[PDB]
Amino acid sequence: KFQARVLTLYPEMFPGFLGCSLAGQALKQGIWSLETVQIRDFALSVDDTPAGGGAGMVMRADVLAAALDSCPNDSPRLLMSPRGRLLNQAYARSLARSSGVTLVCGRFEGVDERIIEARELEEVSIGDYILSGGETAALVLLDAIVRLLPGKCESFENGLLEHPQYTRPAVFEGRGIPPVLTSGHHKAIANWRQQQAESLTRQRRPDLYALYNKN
């Protein structure tokens, strides 16, 4: 098994698109399971006014604690957040090797800092943009995990985007597959592919290109 547990205000978003395609099938076959936990059941509601003022509502430490504490501590506890460490492939690979993951989905403008500390929530961002709630990010994290489950290193992890890619037809709107690729001249092919990739990354992802140069 791979046990996914998601703490959410919207359990009906799960499994969402992960009910479809290969992810759906793996679920139907029990390669992974998904448990949702409705946070609103733990309000003896879930969020309140920010001390010192602010733009939106803050998730209460007490409600969230009770929700976490109803769950076994069987997997790392990850808070979907704009403040998190960034999701990367190394980390997805790292997580697909576990027996499971616990995801907490905030919907508001934040989560009470004292519960982040007290229950060791690791904050995780999927990137520097705002989404409608943590659920969006949870689905994405799960997508990148489930994918790596039984049933290898990405070129960008080396600092390089993928070279341009071609298949048939041999000519589309007067544009032909570059002839070096159909030459059988392996060395020329690899050179060509390298220069295109270097050139593309330098222009479009200088950050990646910088890590390419840092070795």
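Quick note: we count residues from 1 along the sequence shown, nothing fancier.
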property	result
Where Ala55 meets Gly56 in the shown sequence, the number of deposited residues left unmodelled	none
Deposited residues omitted from coordinates between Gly151 and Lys152, as a class	4 to 9
4 to 12 set against 205 to 213, stretch whose average Cα temperature factor tops the other in the entry	205 to 213
Residue stretch of maximal mean CA temperature factor, 154 to 162 vs 26 to 34	26 to 34
Candidate residues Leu86, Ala96, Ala90, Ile130, the one whose C-alpha B factor the record puts highest	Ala96
Within-chain third of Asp74 by Cα B-factor, per the entry	middle
Modelled-residue ranking by C-alpha temperature factor, third containing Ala43	highest
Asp143, C-alpha B-factor rank within chain (lowest, middle or highest third)	lowest
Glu120 - Cα temperature factor, lowest/middle/highest third of chain	middle
